[PDB]
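A.B. asks: take a look and give me a structure for this.
(2 chains)
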Amino acid sequence: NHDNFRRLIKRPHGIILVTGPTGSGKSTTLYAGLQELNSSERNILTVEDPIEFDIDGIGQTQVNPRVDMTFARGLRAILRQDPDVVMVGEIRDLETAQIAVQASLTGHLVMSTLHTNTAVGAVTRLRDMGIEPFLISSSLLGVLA
Amino acid sequence: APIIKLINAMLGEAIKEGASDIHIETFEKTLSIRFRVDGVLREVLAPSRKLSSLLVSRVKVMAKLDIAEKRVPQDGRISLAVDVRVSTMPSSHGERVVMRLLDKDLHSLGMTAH
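C.D. replies: Numbering: from 1, shown residues only, chains lettered A, B, ... in the order given. Take a look at the structure below.
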């Protein structure tokens, strides 16, 4: 499972989602994935709500409601920093997913989470919000329930 | 000021090495400078952490951006014939600055005969 996840998070582009219920240790798994990628040869940035803890060597922006800094606006800002890999806290709505799908197609490796009970539930959930059935097939690398 | 010369010399060093992007990133303990020379990232300089705010402030005023605002992303432009596009963004340990340097035979480049 580690070797398969290693190869997936080390791809040049695509979306990798980690799914399950609340208190299933998704962040811990994402944080471990970013720490593994944390090298001098890549530019890693994240949008979180809130930031669980600080990874030294990786940029981490926080979702601030006082200045209307949302996941969508935060993710849209990160893409102008010339990133190689991006980690979004979670893709709750369509607007945030639309940017993440565009990000994955445009040479970035995207990472996020979705509160779905199964691994098929994640692919499911993207189809529900309003992502064209195709766009999921092209971008999605895998799901981790 | 000493900081004015440092950013100007860094931009000269970026053009020397043939850098496309310049990545100024502030962490908790370390301040890191990195050039993405033709796509490949590279460690070039890691100065004192205290300078983080001054380097962000200098690059802002060159691109006519807000100095006191450190809560939202700000994009600007500078003309040095090198046209740069700075892009600041908020983070945990202050702002993170990135400025894209842009200059204002097909077989020799790589293509095969076929």
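
A.B. asks: ok, now which ones touch residue 59?
C.D. replies: Just so you know, I chose chain A. Contacts here follow C-beta atoms under 8 Å, 6 or more residues apart in numbering or on different chains; on that basis residue A:59 touches A:43-46, A:81, B:25, B:89, B:91-92, B:96. C-betas here are computed from N, CA, C, even on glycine.

A.B. asks: hm, I was asking about chain B
C.D. replies: If a contact means C-beta under 8 Å, 6+ apart, then residue B:59 has B:7, B:24, B:86, B:88, B:97, B:99 as its contacts.

A.B. asks: can you rerun that using 7 Å?
C.D. replies: Residue B:59 makes contact with B:7, B:86, B:97, B:99, according to C-beta atoms under 7 Å, 6 or more residues apart in numbering or on different chains.

A.B. asks: that one belongs to a helix?
C.D. replies: Yes. Residue B:59 forms part of a helix when assessed by DSSP: H, G, I helix; E, B strand; the rest coil.

A.B. asks: any idea how far it lies from residue A:85?
C.D. replies: Residue B:59 is 24 Å from residue A:85, where distance means C-beta to C-beta, to the nearest Å.

A.B. asks: could you pull out the helices for chain A?
C.D. replies: Using DSSP state H, the helices of chain A run over A:2-9, A:26-37, A:71-78, A:94-105, A:119-129, A:133-139.

A.B. asks: mind checking what secondary structure residue B:25 has?
C.D. replies: For residue B:25, the secondary-structure state derived from three-state DSSP is strand.

A.B. asks: restricted to strands, list the contacts of residue B:59.
C.D. replies: In this view, these that belong to strands under DSSP state E are B:86, B:97, B:99.

A.B. asks: neighbour-wise, which of the residues you listed leads?
C.D. replies: residue B:99 (26 neighbours; other C-beta atoms under 10 Å in any protein chain shown).

A.B. asks: that one contacts residue B:22, correct?
C.D. replies: Yes. Between residue B:99 and residue B:22 a contact is recorded at 5.1 Å, counting by C-beta atoms under 7 Å.

A.B. asks: report the beta-bridge partners for residue B:96.
C.D. replies: Taking DSSP bridges, one finds residue B:89 as the beta-bridge partners of residue B:96.

A.B. asks: that one: neighbour count?
C.D. replies: For residue B:96, the number of neighbouring residues by other C-beta under 10 Å comes to 26.

A.B. asks: tell me the contacts of it?
C.D. replies: Counted by C-beta under 7 Å, 6+ apart, residue B:96 has contacts A:59, A:81, B:25-26, B:89.

A.B. asks: for residue A:46, same thing?
C.D. replies: Residue A:46 sits next to A:58-61, A:87 when contact means C-beta under 7 Å, 6+ apart.

A.B. asks: circling back to that earlier point, filter the ones in strands among the contacts of residue B:59 down to the ones near chain A?
C.D. replies: Applying C-beta under 7 Å from any C-beta of the partner chain to the ones in strands among the contacts of residue B:59, one finds that nothing falls near chain A.

A.B. asks: with respect to residue A:119, which of those is nearest?
C.D. replies: Using C-beta to C-beta, the shortest approach to residue A:119 within the ones in strands among the contacts of residue B:59 belongs to residue B:97, at 38.9 Å.

A.B. asks: that concludes my questions; thank you for your assistance.
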